[PDB]
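The chains carry the letters A, B, C, D, E, F and G, assigned in the order they are written, with residues numbered from 1 in each.
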Amino acid sequence: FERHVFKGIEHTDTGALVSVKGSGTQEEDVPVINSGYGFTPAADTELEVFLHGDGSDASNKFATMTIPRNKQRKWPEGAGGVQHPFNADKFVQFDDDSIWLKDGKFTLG
Amino acid sequence: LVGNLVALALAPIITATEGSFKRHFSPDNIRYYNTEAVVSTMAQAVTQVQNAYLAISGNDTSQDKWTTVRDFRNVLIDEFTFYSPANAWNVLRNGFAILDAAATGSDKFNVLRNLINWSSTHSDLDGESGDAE
Amino acid sequence: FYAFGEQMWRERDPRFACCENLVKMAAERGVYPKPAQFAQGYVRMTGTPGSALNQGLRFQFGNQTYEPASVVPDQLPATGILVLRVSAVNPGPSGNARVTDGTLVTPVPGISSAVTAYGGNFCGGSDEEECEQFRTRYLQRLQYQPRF
Amino acid sequence: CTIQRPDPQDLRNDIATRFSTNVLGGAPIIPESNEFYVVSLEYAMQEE
Amino acid sequence: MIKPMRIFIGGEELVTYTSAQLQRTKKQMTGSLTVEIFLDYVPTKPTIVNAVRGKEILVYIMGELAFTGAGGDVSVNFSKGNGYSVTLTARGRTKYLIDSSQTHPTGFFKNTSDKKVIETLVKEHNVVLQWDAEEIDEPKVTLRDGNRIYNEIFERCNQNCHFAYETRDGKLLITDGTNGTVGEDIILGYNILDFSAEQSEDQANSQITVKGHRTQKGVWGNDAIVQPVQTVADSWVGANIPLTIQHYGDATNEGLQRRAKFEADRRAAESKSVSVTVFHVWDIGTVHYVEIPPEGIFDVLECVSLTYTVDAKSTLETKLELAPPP
Amino acid sequence: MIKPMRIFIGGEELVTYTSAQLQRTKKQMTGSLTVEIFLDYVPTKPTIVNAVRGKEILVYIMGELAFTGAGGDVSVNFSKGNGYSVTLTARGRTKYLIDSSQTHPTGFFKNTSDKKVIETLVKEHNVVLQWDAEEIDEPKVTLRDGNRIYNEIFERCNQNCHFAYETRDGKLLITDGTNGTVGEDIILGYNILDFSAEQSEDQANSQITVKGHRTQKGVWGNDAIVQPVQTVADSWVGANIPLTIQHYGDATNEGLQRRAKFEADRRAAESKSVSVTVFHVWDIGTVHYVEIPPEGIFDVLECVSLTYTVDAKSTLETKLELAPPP
Amino acid sequence: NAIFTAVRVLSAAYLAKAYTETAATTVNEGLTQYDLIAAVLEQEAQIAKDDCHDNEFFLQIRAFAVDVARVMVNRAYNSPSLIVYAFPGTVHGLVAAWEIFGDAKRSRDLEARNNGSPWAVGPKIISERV
């Protein structure tokens, strides 16, 4: 396991490839293992990428991206949900009841 | 426990000179209208040691020779460095240590001899000011 | 033998001499070669008063790194503003720059990361003097100069 | 630089080689023969 | 009197020790006493044993302390013809730090200093600490669960140069420099019974680059993933023999350079090893002038090791391992 | 003339070496010269030393190069009675690859071949590469941060069978077969001063199964998690002694079978080790006919090792380690 | 002229190194090769001394010339110690080799130095010392 920053991101037809630095490894890193959430930062956006290495075979490393630390929503106690990757004030929150969609504009279709 | 009588030990005289310097140098306890002169005398002495080092190194190119020169300027540029006996004595002793470690043997003759001529004068001020100089 | 005498005369002529003999000759006449110089300037930082400070401060201006030259105080002064005499880390002319804003490399609690180049310029950066430049500078000291 | 007094033994080696090649057609300098004394004398001159 | 030793397992001044070897070293945390007792057996009369496996000893060398710490083991041998010997071994009092297992409750020291994390990793077995180096601050100190009381200290004093060894009283000395106390100028032809200097070249390194990550509070991204690096150099080795020894806690510029210089002193001190065997039986950190002209030594060296040996027949000799004059 | 050697530390034809041992091997990357010099010391006259710790040497054996690469160390000993000896050691020029630390900037070779990754992992210390095997292509080559210049090569030439050793000139030979150049038929009763053949059975294996994962671009799921496997067999051992040596890069069918056959040649070549000591002092990969009827050898074998030894008293002998005739 | 001088001096040096890498077949041959190279080097020294162009390169060339002299002369006279055996009347190659060395397989060695039909070599035969 190793934390690396984030440079670019190449999107092929088998999934997402990152281009993490921390040591210019992988102009195209194996993945982004998508557990149903995804996002596309601009190149050189200040965020961390965690590599999980197959076997210890550096050869293949799978990536987990975090949303930028200063953009993380401070969820209230009992609540949770999903947010915009770059905006802590745009989200779908599950609270005690409010399936709350926080924005000024919502589009359907 | 045989003694290497082939060799000079400079540590005792260096500590003795340190004591004798810090006994008669307190630029916080001398009359206000002589402090600038006394501190200027100290800075001029350190300038002499710097010029000595630069005249003895000559064709030394390594980066140590670049940093040492930068440190001499940095210490001579600042103003409040020689107002404390600790910094003054440390600067003097390290300057002499570097002037020693810069060459070997014959090379260091004329340079050191010039220093003995420069410091062969006496102070004109009176009281504690003359004692400091 | 004629050849050896000719060259033993030549090796004591400022213009024709190996660089080592050149410097050994010039140190006898006062002229010494010029060393390399680090860049220099003032850096202005701010933060909440009373915060602690350490000597391991490093600033990142543009693409260069700069370090404090004078002694850093133990705490930030009560005004909240500190102006520091700073020199570059690497010698040479790459330390020179014309910049106004920069960031603090090492994070310190209570001190904002954004620092400002007090004056906006970083002078001083110069490289080691070569042998032919020193030869032509030394030869310009002995020779007869009108309008000195 | 790169021009200074040769090593003594080096100097006599050079003088013996030059005397053997340019004069004796390559023959070695047998010790205690007249060529040995001539070579030694020359060296001596060069070192003085 | 030539008499060097007088051992006390508790007050019993050993008068039967047929031989002895006492070793002290800076490369490690402890020492190693090794006594040899006679222990006769008359198979009709009553016999008495001593099952010490822990009863505490010291070795006053030449009317002065040398060691302090039969804890090691008892090794009663047998044979028909020269049998009935008892080899006792005794490590240094700083041992349980070596053979234990950390049992501190928390496991997460927060906003502490290496000195403090070392004081609480030792005061679980009553080993007073002789801290004589400095105070370095570090945010996160998590001890691997039950690692070892000695591995963790060695890890915490290697990333900030601090020699960790044991003194003659029975304390743990965490130093950064020498023990002062200069002494005999061993000269070739004066007292060296035997010498062996070896300054090899397979254990040197020109540039040591220390990298890592920042573990402070709040610091993230580039300032904690990219910046921390340092490149210290030993302008004595020669050609480009690079290296990269990575760091494992709160990588500050000073932290980087300091781990770097620590290893740059280890490799340095291994690249000129001078073992000397002298005659009669105070040098665990002492510096001495040494003169061995045939191998070109005219220099001031630090004794890393010290071994006193004895055997009633032909012995009483001391083996020193010294430290390079870069 | 029996004269084999003439060593040159730079041009100084060693005439004092009291003994010597020169070892060359395929199981490793280097060799090991070990000279023994006299080095007198008259404690009134001036004495001179040589602090080489790196000054370069060669050993022309019997009017021909044998080694190329006093870098190792200097080991000036002492004693009263037979002292004043100097053991010099000299590894092979392909050494820094062994004791360094990779300093390539990127760390991620993309769409490269093993040859190229090896050329840039060597040309950092000026060791010309004698590539004489083949070009294998591989998508992802990430070097562990500062691993070692030799571990990484060994890893990259083991998963595609390629012996990695050093020649007599001073180069790195990455081969796949033999060096040709056949020679003397050693027969029992003709030149073998001594022999020892040992074909054990604890280091053999019937089926070697290589598994792994696919590291190509785009390939995912089953075609990169399930399929890659291979089962190579050595129809000489006997009963079912299975095994599973897993793979660590771009597991292709050919890649699998090739790592498999590489190890199936290692284990094979260890299951008949023939050490012979011959008399007077060219066989680092040579094949020879060997005839030792009492142990049933009538076969053509490859010398894996070669050791020339000498000592002015009773020596001049060569020790060969050979390769099995499956 | 600096270009030309560099090329000529480097060629003379490397041709000396080339001559030294091969064995002399006859004393006169080694001495003739040395004569060629020494003549080239003396020509270059006279050029580098003509009107005090550079005294230093003249001295350097002179030193390299004396070095090449010692090595080429030692090679011509002493690398194999060639002697002229005096045979009564011309003789075969095999017989001459066997009588000189006691090993007739060394007849191949007597052909590179002596000119004369293989069945009649002599009556003076150049070969190596014994």
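Assorted remarks:
The working rule: a contact is a pair of C-beta atoms (placed from the backbone, for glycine too) under 8 Å apart; a residue touches a chain by one contact, two chains touch by 3 or more.
Touch-path distance (fewest steps) from chain D to chain G is 1.
Counting C-beta pairs in contact across B-E and across B-C gives the higher total for B-C. Chain centres here are means of the Cα atoms, and by that rule the chain farthest away from chain D is A. The centroid of the Cα atoms in chain A and the matching centroid in chain F are 48 Å apart.
Measuring from the averaged C-alpha position of chain B to that of chain F gives a distance of 60 Å. Between chain C and chain D, the centres computed from C-alpha atoms are 55 Å apart. Between the CA-based centres of chain C and chain E the separation comes to 44 Å, rounded to the whole angstrom.
In chain C, 4, 7, 20 are the positions where the chain touches two or more neighbouring chains simultaneously. For chain F, the set of residues touching two or more other chains reads 145. Pairs of chains that satisfy the touch definition comprise A-E, A-F, B-C, B-E, C-D, C-E, C-G, D-G, E-F. Here chain B touches chain E in the complex through residues 1-4, 62, going by the rule given at the top. The touching residues of chain C, when paired with chain E in their complex, are 56, 58, 60, 105-107, 109. On the side of chain G, the complex with chain D involves touching residues 31, 56, 59, 63, 66, 69-70, 73, 76-77. Interface residues of chain A, counted against chain F in their complex, comprise 12-15, 23-28, 30, 54-55, 57-61. Against chain E, the residues of chain A that register as touching in their complex are 3-5, 21-22, 46-48, 68-69.
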